[PDB]
Amino acid sequence: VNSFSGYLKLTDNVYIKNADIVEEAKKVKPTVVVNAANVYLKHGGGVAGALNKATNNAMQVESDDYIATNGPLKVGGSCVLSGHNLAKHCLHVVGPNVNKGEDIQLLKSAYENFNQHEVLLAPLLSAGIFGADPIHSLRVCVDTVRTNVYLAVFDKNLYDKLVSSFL
Ligand SMILES: c1cc(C2CCNCC2)n[nH]1
């Protein structure tokens, strides 16, 4: 048993809810929250901007030190940093950004990072301002992630479309 509430079960391991991931993280304090990161860990907008704002910019301060030491992530890659006030850990995962012309085949590689963690609270990778089709992102998630993933979908309209179109 875990503390996640109100989720619809899609598969053995994947769960979904219409929720603000920031508010969900604050309530649950999961072991791992996933950030929709870019390779520079510049948390300006989308899910990353919202998570970073909720940490009072401490996520960005930690991230800048990480980049100064290690250099940028790979598209499809990840790093584990603090979860600050939201979670124990934040898994910063870089899905391909269609609005920058990145290979959508890298979305599967991105989701493979989730398999290193037994339970995660996550957004749909490459959705929102990253420009991918969220229906596609959910299919790749279900067909790639084997650990237990709790997906938060901010937009109620999109949530209902994801559920009603799910195969
Ligand atoms: C040597 C050092 C590492 C670090 C692992 C923790 N954070 C990123 C770099 N990998 N290989």
Side-chain angles (χ1 to χ4, degrees), residues 2-4 13-16 19-26 28-132 134 136-138 140-154:
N2 66 50
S3 149
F4 289 105
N13 67 297
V14 177
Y15 295 78
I16 195 166
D20 180 351
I21 195 172
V22 170
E23 287 312 313
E24 191 73 5
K26 282 200 289 195
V28 175
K29 290 290 236 86
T31 305
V32 181
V33 65
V34 174
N35 181 32
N38 58 53
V39 294
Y40 306 109
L41 302 179
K42 286 172 58 91
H43 308 305
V47 165
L51 291 171
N52 174 60
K53 177 179 179 186
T55 76
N56 180 45
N57 210 51
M59 179 181 282
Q60 190 64 66
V61 169
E62 179 194 32
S63 292
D64 290 347
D65 169 87
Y66 173 88
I67 297 287
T69 298
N70 300 107
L73 300 176
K74 299 169 179 180
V75 179
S78 69
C79 68
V80 180
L81 291 173
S82 181
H84 300 278
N85 56 315
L86 304 179
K88 184 176 205 279
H89 305 287
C90 180
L91 181 70
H92 293 273
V93 180
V94 185
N97 189 327
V98 178
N99 305 317
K100 305 181 175 170
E102 296 168 352
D103 172 13
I104 195 60
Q105 299 307 137
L106 288 171
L107 186 53
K108 188 171 183 78
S109 301
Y111 273 116
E112 288 170 341
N113 296 286
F114 289 24
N115 290 321
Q116 300 293 320
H117 301 278
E118 286 194 351
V119 184
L120 313 88
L121 171 63
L124 286 167
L125 299 179
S126 297
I129 69 175
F130 281 63
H136 175 68
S137 181
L138 179 55
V140 178
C141 180
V142 158
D143 292 345
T144 306
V145 180
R146 298 177 300 283
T147 57
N148 294 323
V149 56
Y150 288 85
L151 294 169
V153 176
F154 185 54

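As the structure lists them, so they are numbered: ligands from 1, and atoms in each ligand from 1. Throughout, residue positions are numbered sequentially from 1 according to the sequence presented.
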Exercise for the section: Could you grab the distance from atom OH of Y111 to atom CG of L106, nearest 0.5 Å is fine? Expected result: 13.5 Å
Handout entry: Closest approach of any protein heavy atom to atom 4 (C) of ligand 1, naming residue and atom
Key = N70 ND2, 4.8 Å
Completion exercise
OG1 (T31) and CG (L91) are apart, to the nearest 0.5 Å, by 12.5 Å
Handout entry: Sub-4.0 Å protein heavy atom near atom 9 (C) of ligand 1
Key = yes
Problem - Side chain, backbone, both or neither: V80 near ligand 1, heavy atoms under 4.0 Å - result: neither
Completion exercise
Rounded to the nearest 0.5 Å, the CZ atom of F114 sits from the CG atom of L125 at a distance of 4.0 Å
Exercise for the section: Look at atom 7 (N) of ligand 1 and say which protein heavy atom is nearest, naming residue and atom and giving the distance to 0.1 Å. Expected result: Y66 CE1, 4.4 Å
Handout entry: Side chain to side chain, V47 and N35, heavy atoms closer than 4.5 Å
Key = yes
